[PDB]
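Source file query33.tsv; content: TSV, C-alpha atoms (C1' of nucleotides) and all ligand atoms.
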chain	number	residue	atom	x	y	z
A	6	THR	CA	-64.66	-17.19	-113.85
A	7	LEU	CA	-65.07	-19.79	-111.07
A	8	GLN	CA	-68.61	-21.17	-110.86
A	9	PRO	CA	-70.23	-21.80	-107.45
A	10	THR	CA	-70.42	-25.57	-108.10
A	11	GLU	CA	-66.81	-25.65	-109.31
A	12	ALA	CA	-65.76	-23.84	-106.13
A	13	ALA	CA	-67.77	-26.23	-103.92
A	14	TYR	CA	-66.27	-29.30	-105.60
A	15	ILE	CA	-62.71	-28.09	-105.13
A	16	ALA	CA	-63.54	-27.04	-101.59
A	17	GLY	CA	-64.61	-30.65	-101.00
A	18	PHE	CA	-61.70	-32.28	-102.80
A	19	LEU	CA	-59.26	-30.13	-100.85
A	20	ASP	CA	-60.82	-31.15	-97.55
A	21	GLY	CA	-60.01	-34.75	-98.39
A	22	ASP	CA	-56.82	-35.10	-100.44
A	23	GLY	CA	-55.54	-31.55	-99.93
A	24	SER	CA	-53.64	-29.50	-97.37
A	25	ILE	CA	-53.66	-25.95	-96.03
A	26	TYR	CA	-50.47	-25.25	-94.06
A	27	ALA	CA	-47.85	-22.64	-93.19
A	28	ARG	CA	-44.14	-22.64	-92.36
A	29	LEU	CA	-41.17	-20.42	-91.39
A	30	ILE	CA	-37.98	-20.82	-93.50
A	31	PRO	CA	-34.56	-19.83	-92.11
A	32	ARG	CA	-33.05	-17.25	-94.49
A	33	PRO	CA	-29.28	-16.69	-93.95
A	34	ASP	CA	-29.39	-13.59	-96.17
A	35	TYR	CA	-32.20	-11.63	-94.49
A	36	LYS	CA	-31.31	-8.49	-92.54
A	37	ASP	CA	-33.10	-8.21	-89.18
A	38	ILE	CA	-35.76	-10.91	-89.27
A	39	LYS	CA	-33.94	-13.90	-90.80
A	40	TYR	CA	-37.05	-15.90	-91.75
A	41	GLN	CA	-39.47	-16.26	-94.67
A	42	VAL	CA	-43.15	-16.96	-94.03
A	43	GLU	CA	-44.51	-19.38	-96.62
A	44	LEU	CA	-48.24	-19.95	-97.08
A	45	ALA	CA	-49.71	-22.62	-99.34
A	46	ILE	CA	-52.53	-24.94	-100.28
A	47	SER	CA	-51.89	-28.17	-102.15
A	48	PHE	CA	-53.59	-31.13	-103.78
A	49	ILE	CA	-51.96	-34.56	-103.53
A	50	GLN	CA	-52.81	-37.53	-105.79
A	51	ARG	CA	-51.23	-40.69	-107.26
A	52	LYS	CA	-49.32	-40.00	-110.48
A	53	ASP	CA	-51.74	-41.84	-112.77
A	54	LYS	CA	-54.66	-39.54	-111.90
A	55	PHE	CA	-52.47	-36.51	-112.77
A	56	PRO	CA	-54.87	-35.14	-115.44
A	57	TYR	CA	-57.47	-34.39	-112.75
A	58	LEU	CA	-55.03	-32.08	-110.99
A	59	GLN	CA	-54.32	-30.24	-114.23
A	60	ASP	CA	-58.08	-29.68	-114.69
A	61	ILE	CA	-58.40	-27.95	-111.30
A	62	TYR	CA	-55.26	-26.03	-112.20
A	63	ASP	CA	-57.07	-24.61	-115.23
A	64	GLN	CA	-60.16	-23.83	-113.17
A	65	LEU	CA	-58.08	-21.79	-110.70
A	66	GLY	CA	-56.67	-19.67	-113.54
A	67	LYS	CA	-53.48	-21.66	-114.12
A	68	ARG	CA	-52.15	-20.30	-110.82
A	69	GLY	CA	-49.35	-22.13	-109.02
A	70	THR	CA	-47.09	-24.93	-110.23
A	71	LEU	CA	-47.95	-28.52	-111.18
A	72	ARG	CA	-45.64	-31.51	-110.61
A	73	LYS	CA	-46.07	-34.84	-112.42
A	74	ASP	CA	-43.90	-36.67	-109.89
A	75	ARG	CA	-42.45	-35.72	-106.50
A	76	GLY	CA	-40.09	-38.67	-106.90
A	77	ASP	CA	-42.17	-41.41	-105.28
A	78	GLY	CA	-44.85	-41.84	-107.93
A	79	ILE	CA	-47.05	-39.20	-106.34
A	80	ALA	CA	-48.15	-35.97	-108.05
A	81	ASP	CA	-48.91	-32.63	-106.40
A	82	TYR	CA	-50.25	-29.18	-107.31
A	83	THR	CA	-48.98	-26.39	-105.05
A	84	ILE	CA	-50.09	-22.76	-104.72
A	85	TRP	CA	-47.91	-20.56	-102.50
A	86	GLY	CA	-47.87	-16.79	-102.10
A	87	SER	CA	-50.37	-14.33	-100.68
A	88	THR	CA	-51.06	-12.91	-104.13
A	89	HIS	CA	-52.71	-16.10	-105.34
A	90	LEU	CA	-54.08	-17.05	-101.91
A	91	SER	CA	-55.86	-13.68	-101.55
A	92	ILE	CA	-57.84	-14.30	-104.73
A	93	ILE	CA	-58.38	-18.08	-104.60
A	94	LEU	CA	-59.14	-18.72	-100.91
A	95	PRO	CA	-62.17	-16.36	-100.54
A	96	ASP	CA	-63.78	-18.29	-103.41
A	97	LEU	CA	-63.48	-21.51	-101.38
A	98	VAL	CA	-63.89	-20.56	-97.71
A	99	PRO	CA	-67.70	-20.44	-97.96
A	100	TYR	CA	-67.70	-24.10	-99.06
A	101	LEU	CA	-64.75	-25.44	-97.05
A	102	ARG	CA	-65.59	-27.45	-93.94
A	103	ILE	CA	-62.74	-29.44	-92.39
A	104	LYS	CA	-60.00	-26.96	-93.30
A	105	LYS	CA	-62.07	-23.75	-93.08
A	106	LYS	CA	-60.32	-22.63	-89.91
A	107	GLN	CA	-56.93	-23.10	-91.56
A	108	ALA	CA	-57.99	-21.04	-94.57
A	109	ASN	CA	-59.17	-18.14	-92.39
A	110	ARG	CA	-55.92	-18.02	-90.38
A	111	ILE	CA	-53.92	-17.84	-93.63
A	112	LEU	CA	-56.07	-14.94	-94.85
A	113	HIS	CA	-55.50	-13.33	-91.44
A	114	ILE	CA	-51.72	-13.77	-91.68
A	115	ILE	CA	-51.85	-12.06	-95.08
A	116	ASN	CA	-53.42	-8.77	-93.88
A	117	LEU	CA	-51.11	-8.44	-90.87
A	118	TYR	CA	-47.92	-9.13	-92.80
A	119	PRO	CA	-47.09	-5.78	-94.46
A	120	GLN	CA	-46.69	-4.20	-91.00
A	121	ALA	CA	-45.00	-7.20	-89.41
A	122	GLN	CA	-42.18	-7.77	-91.88
A	123	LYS	CA	-39.86	-5.11	-90.48
A	124	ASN	CA	-41.13	-5.07	-86.89
A	125	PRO	CA	-40.12	-7.86	-84.49
A	126	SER	CA	-42.97	-7.27	-81.99
A	127	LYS	CA	-45.63	-7.63	-84.68
A	128	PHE	CA	-43.85	-10.43	-86.52
A	129	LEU	CA	-44.08	-12.35	-83.23
A	130	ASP	CA	-47.87	-11.98	-83.10
A	131	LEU	CA	-47.97	-13.18	-86.70
A	132	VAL	CA	-45.80	-16.21	-85.87
A	133	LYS	CA	-48.25	-17.09	-83.07
A	134	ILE	CA	-50.93	-17.58	-85.72
A	135	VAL	CA	-48.44	-19.65	-87.73
A	136	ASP	CA	-48.36	-21.97	-84.72
A	137	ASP	CA	-52.17	-22.24	-84.75
A	138	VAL	CA	-52.37	-23.26	-88.41
A	139	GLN	CA	-49.78	-25.96	-87.71
A	140	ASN	CA	-51.47	-27.23	-84.56
A	141	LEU	CA	-54.83	-27.39	-86.33
A	142	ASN	CA	-53.12	-29.92	-88.59
A	143	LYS	CA	-52.02	-32.18	-85.75
A	144	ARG	CA	-53.59	-34.84	-83.53
A	145	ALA	CA	-54.41	-33.90	-79.95
A	146	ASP	CA	-51.70	-36.30	-78.75
A	147	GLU	CA	-48.94	-34.84	-80.95
A	148	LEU	CA	-46.38	-32.28	-79.79
A	149	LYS	CA	-47.64	-28.75	-80.50
A	150	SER	CA	-45.51	-26.47	-82.69
A	151	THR	CA	-43.17	-24.06	-80.91
A	152	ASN	CA	-42.35	-21.24	-83.34
A	153	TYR	CA	-43.36	-18.36	-81.07
A	154	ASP	CA	-41.43	-19.52	-78.01
A	155	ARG	CA	-38.25	-20.13	-80.02
A	156	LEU	CA	-38.47	-16.76	-81.77
A	157	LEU	CA	-39.21	-14.95	-78.50
A	158	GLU	CA	-35.97	-16.15	-76.89
A	159	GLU	CA	-34.13	-15.42	-80.13
A	160	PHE	CA	-35.53	-11.89	-80.41
A	161	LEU	CA	-34.67	-11.11	-76.77
A	162	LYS	CA	-31.19	-12.66	-76.95
A	163	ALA	CA	-30.59	-10.46	-80.01
A	164	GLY	CA	-31.85	-7.32	-78.28
A	165	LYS	CA	-34.48	-6.90	-81.00
A	166	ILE	CA	-37.20	-6.79	-78.34
B	6	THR	CA	-83.54	-31.31	-100.84
B	7	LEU	CA	-79.85	-31.39	-101.77
B	8	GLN	CA	-78.55	-28.11	-103.14
B	9	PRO	CA	-76.25	-28.20	-106.21
B	10	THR	CA	-73.33	-26.81	-104.18
B	11	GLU	CA	-73.96	-29.34	-101.40
B	12	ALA	CA	-73.79	-32.18	-103.92
B	13	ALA	CA	-70.66	-30.76	-105.56
B	14	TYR	CA	-68.92	-30.62	-102.17
B	15	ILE	CA	-69.86	-34.23	-101.41
B	16	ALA	CA	-68.72	-35.36	-104.84
B	17	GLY	CA	-65.49	-33.49	-104.15
B	18	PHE	CA	-65.10	-34.99	-100.69
B	19	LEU	CA	-65.98	-38.40	-102.02
B	20	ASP	CA	-63.31	-38.26	-104.73
B	21	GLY	CA	-60.90	-37.28	-101.97
B	22	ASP	CA	-61.53	-39.46	-98.91
B	23	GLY	CA	-64.37	-41.69	-100.16
B	24	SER	CA	-65.01	-44.92	-102.05
B	25	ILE	CA	-67.35	-46.29	-104.72
B	26	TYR	CA	-67.22	-50.09	-104.92
B	27	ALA	CA	-69.08	-53.36	-105.55
B	28	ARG	CA	-68.61	-57.00	-104.57
B	29	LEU	CA	-69.91	-60.59	-104.49
B	30	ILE	CA	-70.87	-61.97	-101.07
B	31	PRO	CA	-70.96	-65.79	-100.91
B	32	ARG	CA	-74.39	-66.84	-99.61
B	33	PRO	CA	-74.65	-70.61	-98.82
B	34	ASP	CA	-78.38	-70.48	-98.01
B	35	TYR	CA	-79.36	-68.94	-101.37
B	36	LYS	CA	-81.17	-71.36	-103.71
B	37	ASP	CA	-80.14	-71.38	-107.40
B	38	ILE	CA	-77.64	-68.50	-107.40
B	39	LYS	CA	-75.77	-68.44	-104.10
B	40	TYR	CA	-74.19	-64.95	-104.29
B	41	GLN	CA	-75.34	-61.50	-103.15
B	42	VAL	CA	-74.30	-58.50	-105.20
B	43	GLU	CA	-73.46	-55.53	-102.98
B	44	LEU	CA	-73.27	-51.90	-104.04
B	45	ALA	CA	-71.89	-49.25	-101.70
B	46	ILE	CA	-70.40	-45.80	-101.44
B	47	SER	CA	-68.37	-44.89	-98.36
B	48	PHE	CA	-66.56	-41.98	-96.70
B	49	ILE	CA	-63.48	-42.55	-94.52
B	50	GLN	CA	-61.95	-40.14	-91.96
B	51	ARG	CA	-59.94	-40.11	-88.70
B	52	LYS	CA	-61.84	-40.70	-85.45
B	53	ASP	CA	-61.63	-37.08	-84.20
B	54	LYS	CA	-63.31	-35.69	-87.32
B	55	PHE	CA	-66.47	-37.83	-87.00
B	56	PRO	CA	-68.82	-34.80	-86.77
B	57	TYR	CA	-68.14	-33.88	-90.42
B	58	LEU	CA	-69.25	-37.33	-91.48
B	59	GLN	CA	-72.47	-36.81	-89.53
B	60	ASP	CA	-73.23	-33.53	-91.29
B	61	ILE	CA	-73.00	-35.30	-94.66
B	62	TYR	CA	-75.18	-38.05	-93.17
B	63	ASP	CA	-77.95	-35.59	-92.22
B	64	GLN	CA	-77.47	-33.90	-95.58
B	65	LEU	CA	-78.12	-37.06	-97.60
B	66	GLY	CA	-81.33	-37.81	-95.69
B	67	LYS	CA	-79.87	-39.95	-92.89
B	68	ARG	CA	-79.37	-42.96	-95.18
B	69	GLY	CA	-76.73	-45.60	-94.41
B	70	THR	CA	-74.59	-46.31	-91.34
B	71	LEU	CA	-72.36	-43.95	-89.36
B	72	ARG	CA	-69.54	-45.62	-87.42
B	73	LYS	CA	-67.41	-43.83	-84.83
B	74	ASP	CA	-64.61	-46.41	-84.82
B	75	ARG	CA	-63.98	-49.32	-87.17
B	76	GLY	CA	-61.66	-50.37	-84.36
B	77	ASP	CA	-58.39	-48.78	-85.51
B	78	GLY	CA	-59.03	-45.15	-84.56
B	79	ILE	CA	-60.76	-44.55	-87.90
B	80	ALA	CA	-64.39	-43.55	-88.60
B	81	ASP	CA	-66.47	-44.27	-91.71
B	82	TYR	CA	-69.94	-43.84	-93.19
B	83	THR	CA	-71.27	-46.54	-95.54
B	84	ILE	CA	-74.37	-46.59	-97.77
B	85	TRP	CA	-75.49	-50.01	-99.07
B	86	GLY	CA	-78.40	-51.01	-101.26
B	87	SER	CA	-79.68	-50.05	-104.69
B	88	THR	CA	-82.61	-48.43	-102.92
B	89	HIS	CA	-80.52	-45.57	-101.50
B	90	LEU	CA	-77.98	-45.34	-104.33
B	91	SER	CA	-80.75	-44.95	-106.89
B	92	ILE	CA	-81.66	-41.69	-105.16
B	93	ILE	CA	-78.29	-40.37	-103.96
B	94	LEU	CA	-76.04	-41.22	-106.92
B	95	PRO	CA	-77.98	-39.38	-109.63
B	96	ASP	CA	-77.55	-36.27	-107.46
B	97	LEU	CA	-73.77	-36.74	-107.37
B	98	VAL	CA	-72.88	-38.07	-110.82
B	99	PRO	CA	-72.97	-34.68	-112.55
B	100	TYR	CA	-70.29	-33.34	-110.15
B	101	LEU	CA	-68.21	-36.50	-109.74
B	102	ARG	CA	-64.85	-36.50	-111.54
B	103	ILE	CA	-62.42	-39.17	-110.32
B	104	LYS	CA	-64.97	-41.86	-109.39
B	105	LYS	CA	-67.63	-40.86	-111.93
B	106	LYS	CA	-67.22	-44.05	-113.98
B	107	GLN	CA	-67.69	-46.24	-110.91
B	108	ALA	CA	-70.99	-44.44	-110.24
B	109	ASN	CA	-72.36	-44.90	-113.75
B	110	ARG	CA	-71.30	-48.56	-113.76
B	111	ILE	CA	-73.06	-48.96	-110.41
B	112	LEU	CA	-76.31	-47.42	-111.71
B	113	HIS	CA	-75.91	-49.85	-114.61
B	114	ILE	CA	-75.97	-52.94	-112.37
B	115	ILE	CA	-79.10	-51.56	-110.72
B	116	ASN	CA	-80.88	-51.61	-114.11
B	117	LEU	CA	-79.88	-55.21	-114.88
B	118	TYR	CA	-80.43	-56.87	-111.50
B	119	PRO	CA	-84.23	-57.49	-111.52
B	120	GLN	CA	-83.70	-59.90	-114.43
B	121	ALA	CA	-80.27	-61.22	-113.39
B	122	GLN	CA	-81.55	-62.33	-109.96
B	123	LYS	CA	-82.73	-65.73	-111.12
B	124	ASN	CA	-81.03	-65.98	-114.51
B	125	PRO	CA	-77.45	-67.34	-114.41
B	126	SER	CA	-76.55	-66.09	-117.89
B	127	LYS	CA	-77.72	-62.55	-117.12
B	128	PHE	CA	-76.10	-62.65	-113.70
B	129	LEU	CA	-72.88	-63.38	-115.57
B	130	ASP	CA	-73.12	-60.24	-117.71
B	131	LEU	CA	-73.73	-58.36	-114.46
B	132	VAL	CA	-70.66	-59.85	-112.73
B	133	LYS	CA	-68.50	-58.57	-115.60
B	134	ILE	CA	-69.53	-55.09	-114.49
B	135	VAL	CA	-68.63	-56.01	-110.90
B	136	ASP	CA	-65.15	-56.85	-112.21
B	137	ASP	CA	-65.00	-53.58	-114.16
B	138	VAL	CA	-65.78	-51.51	-111.07
B	139	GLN	CA	-63.14	-53.38	-109.04
B	140	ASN	CA	-60.58	-52.99	-111.84
B	141	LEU	CA	-61.24	-49.24	-111.96
B	142	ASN	CA	-60.19	-49.02	-108.31
B	143	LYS	CA	-56.83	-50.65	-109.00
B	144	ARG	CA	-53.50	-49.60	-110.50
B	145	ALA	CA	-52.58	-50.64	-114.05
B	146	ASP	CA	-49.95	-53.05	-112.69
B	147	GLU	CA	-52.27	-54.78	-110.18
B	148	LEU	CA	-53.95	-58.10	-110.87
B	149	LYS	CA	-57.42	-57.70	-112.36
B	150	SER	CA	-60.34	-59.23	-110.45
B	151	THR	CA	-61.49	-62.71	-111.47
B	152	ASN	CA	-65.10	-62.83	-110.43
B	153	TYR	CA	-66.37	-63.72	-113.86
B	154	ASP	CA	-63.81	-66.27	-114.68
B	155	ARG	CA	-64.55	-68.31	-111.60
B	156	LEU	CA	-68.32	-67.98	-111.58
B	157	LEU	CA	-68.42	-69.20	-115.11
B	158	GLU	CA	-66.34	-72.14	-113.93
B	159	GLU	CA	-68.81	-72.66	-111.10
B	160	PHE	CA	-71.90	-72.31	-113.30
B	161	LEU	CA	-70.65	-74.99	-115.73
B	162	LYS	CA	-69.52	-77.38	-112.98
B	163	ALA	CA	-72.90	-77.00	-111.26
B	164	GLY	CA	-74.56	-77.43	-114.65
B	165	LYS	CA	-76.51	-74.17	-114.31
B	166	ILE	CA	-75.59	-73.19	-117.89
C	1	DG	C1'	-84.19	-68.41	-98.58
C	2	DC	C1'	-83.57	-63.65	-98.56
C	3	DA	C1'	-80.79	-59.05	-97.36
C	4	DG	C1'	-80.08	-55.72	-94.53
C	5	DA	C1'	-76.48	-54.29	-90.78
C	6	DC	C1'	-72.61	-55.49	-87.49
C	7	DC	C1'	-67.00	-56.55	-86.82
C	8	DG	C1'	-62.25	-56.57	-88.77
C	9	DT	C1'	-57.82	-55.30	-91.89
C	10	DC	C1'	-53.49	-55.48	-95.41
C	11	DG	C1'	-51.00	-52.39	-98.26
C	12	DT	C1'	-50.46	-48.52	-99.90
C	13	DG	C1'	-51.81	-43.02	-101.06
C	14	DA	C1'	-51.62	-39.61	-99.34
C	15	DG	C1'	-50.64	-35.01	-96.04
C	16	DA	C1'	-47.82	-31.63	-93.87
C	17	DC	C1'	-44.04	-30.01	-93.97
C	18	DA	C1'	-38.24	-29.44	-94.84
C	19	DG	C1'	-33.75	-28.38	-97.49
C	20	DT	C1'	-31.69	-25.82	-101.53
C	21	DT	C1'	-31.47	-22.95	-105.38
C	22	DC	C1'	-32.94	-20.18	-108.40
C	23	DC	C1'	-34.76	-15.17	-110.52
C	24	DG	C1'	-34.65	-9.97	-112.44
D	1	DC	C1'	-32.17	-8.33	-100.76
D	2	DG	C1'	-36.97	-10.96	-100.84
D	3	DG	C1'	-39.71	-13.91	-102.95
D	4	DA	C1'	-40.85	-17.73	-106.31
D	5	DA	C1'	-39.51	-22.01	-107.57
D	6	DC	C1'	-37.20	-26.65	-107.59
D	7	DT	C1'	-36.18	-30.75	-104.70
D	8	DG	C1'	-37.18	-34.67	-101.34
D	9	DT	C1'	-39.09	-37.52	-97.12
D	10	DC	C1'	-41.00	-39.96	-92.26
D	11	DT	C1'	-45.42	-41.20	-90.79
D	12	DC	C1'	-49.58	-42.20	-90.48
D	13	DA	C1'	-54.79	-41.90	-92.57
D	14	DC	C1'	-56.80	-43.52	-95.27
D	15	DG	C1'	-59.47	-46.84	-99.09
D	16	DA	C1'	-61.25	-51.01	-100.77
D	17	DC	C1'	-62.71	-54.57	-99.76
D	18	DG	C1'	-63.49	-59.74	-96.51
D	19	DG	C1'	-66.07	-62.54	-92.77
D	20	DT	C1'	-69.80	-63.26	-89.59
D	21	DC	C1'	-74.47	-62.39	-87.84
D	22	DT	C1'	-78.52	-61.22	-86.89
D	23	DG	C1'	-83.59	-61.24	-86.87
D	24	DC	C1'	-86.83	-62.09	-90.01
A	201	CA	CA	-58.07	-36.28	-95.60
A	202	CA	CA	-58.15	-40.50	-102.63
A	203	CA	CA	-56.99	-39.22	-98.44
Kindly return the structure encoded in the file as structure tokens.
Amino acid sequence: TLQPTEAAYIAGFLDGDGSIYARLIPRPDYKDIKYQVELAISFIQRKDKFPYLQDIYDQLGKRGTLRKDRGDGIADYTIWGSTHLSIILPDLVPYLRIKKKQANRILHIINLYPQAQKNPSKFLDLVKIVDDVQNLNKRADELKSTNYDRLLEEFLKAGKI
Amino acid sequence: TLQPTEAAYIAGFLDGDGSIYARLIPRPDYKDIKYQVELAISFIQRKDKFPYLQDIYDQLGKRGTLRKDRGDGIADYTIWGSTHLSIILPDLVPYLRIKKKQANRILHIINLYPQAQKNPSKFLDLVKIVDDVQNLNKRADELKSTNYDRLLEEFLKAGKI
DNA sequence: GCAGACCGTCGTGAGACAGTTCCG
DNA sequence: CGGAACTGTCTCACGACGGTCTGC
């Protein structure tokens, strides 16, 4: 199992070369709510240092998928899905600093999702948090994300709310 | 005073957004050997996230120099001197992964300096290590540093050895 | 004659997503 | 269907040093 010093190290590496984000994919095949919520944490590093990513990979119980080369000489290690993020994250949050807020919003999105997936009014409250995770990852001078406002006018126009 | 999980985080954060390096400063006013060897670890981060640097700073015993803006919207925190690094680095080495080697090599130079100060031949063995550190922070395809090849040239020209 | 600390910076290595296609 | 898994990219935020410059 994950040692406290192994969790702190990864917490610290993630704060620096890693990313905790969230997005909304347009799914043409979905029924009422035509969007998938994707939640992830990643580690980015030049392709030569690849073995170091693999090591962490092993420490986190081989969860997620490694990639030797995105296609620009960079390697990444990506972990999406609430299953893995509901077991990994809580082991890191206590040690995370810069991206602690992010991590806690993700966790929050996870526990609200089972009731929001077939209910437009709740899905909208969930998407509002999606917008917070994204803004937290932006400069103060950058344009804020607008997922909620665009889904609100789409849910009304569709008579879903 | 540093807890094992506090060190592990800093080693993690250092491997991510930090630097472990060494260099030769040309010093015209120095007598026999006119170079200063400089040993430093640094942390780099965008201007708005300065307060996280500070926490680390207070956590390491307030050693080094905080800097709110290098002048390009970026903030850093540098620690020079063998005096600080001989206390901080041994607390990090056991958790360091990506820049571990650089650390060990840096501790090495600290052991050899007292005798290399006034001895050109021993200062030359030291400068090899200064090249090694610099090489370690380069890609395989990059030019390797030449500090030994030119200071041997100098030392023969000047008749110092 | 010593060594700190105080100002700058080129050339990438990252971050934070997006588009498409798989999978039982 | 609904998610897990492959692709691929514009835009900075980093890294790893280099010159002066004090104030002894
Ligand atoms: Ca970072
Ligand atoms: Ca790095
Ligand atoms: Ca970085």
For this session: Please identify every residue of chain A that has at least one atom no more than 7 Å from any atom of chain B, counting all atoms listed in the file, and report them as a ChimeraX atom specification.
Result: /A:9-10,13-18,20-22
Exercise. Which is closer to ligand CA 201 (chain A) than all the others in C:24, C:4, C:19, C:14, using all atoms listed in the file?
Worked result: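 Closest residue, counting all atoms listed in the file: C:14.
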Exercise. Using all atoms listed in the file, which residue out of B:65, B:58, B:135, B:84 lies closest to chain C?
Worked result: B:84
For this session: Using only C-alpha atoms (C1' of nucleotides), select each residue of chain A with any atom at most 12 Å away from an atom of chain C, and give the selection as an MDAnalysis selection string.
Result: chainID A and resid 19:32 43:54 77:81 138:143 150
Exercise. What separation in Å, quoted to one decimal, exists between atom CA of residue B:118 and atom CA of residue B:148?
Worked result: 26.5 Å
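The interatomic distance for the pair atom CA of residue A:158 and atom CA of residue A:39 works out to 14.2 Å.
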Determine, using only C-alpha atoms (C1' of nucleotides), which residues of chain D have any atom at most 9 Å from an atom of chain B, and tabulate each with its shortest atom pair and distance in Å to one decimal place, rows ordered by chain and then rising number, as CSV.
residue,atom,partner,partner_atom,distance
D:13,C1',B:51,CA,6.7
D:14,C1',B:49,CA,6.8
D:15,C1',B:24,CA,6.6
D:16,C1',B:24,CA,7.3
D:17,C1',B:28,CA,8.0
D:18,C1',B:30,CA,9.0
Could you work out an axis-aligned box for stretch 12-17 of chain C, taking every atom the file lists and adding 5 Å on each side, and report centre and edge lengths in Å to one decimal, as AutoDock Vina command-line options?
--center_x -47.9 --center_y -39.3 --center_z -97.5 --size_x 17.8 --size_y 28.5 --size_z 17.2
Problem set entry | Å distance separating atom CA of residue B:126 from atom CA of residue B:161, one decimal place |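 Value for the atom CA of residue B:126-atom CA of residue B:161 distance: 10.9 Å.
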For this session: With a distance cut-off of 10 Å and all atoms listed in the file, select the neighbouring residues of residue B:129, excluding the residue or stretch itself and same-chain residues fewer than 3 positions from it, and output the selection as a list in words.
Result: residues 121, 124, 125, 126, 132, 133, 134, 135, 152, 153, 154, 156, 157 and 160 of chain B
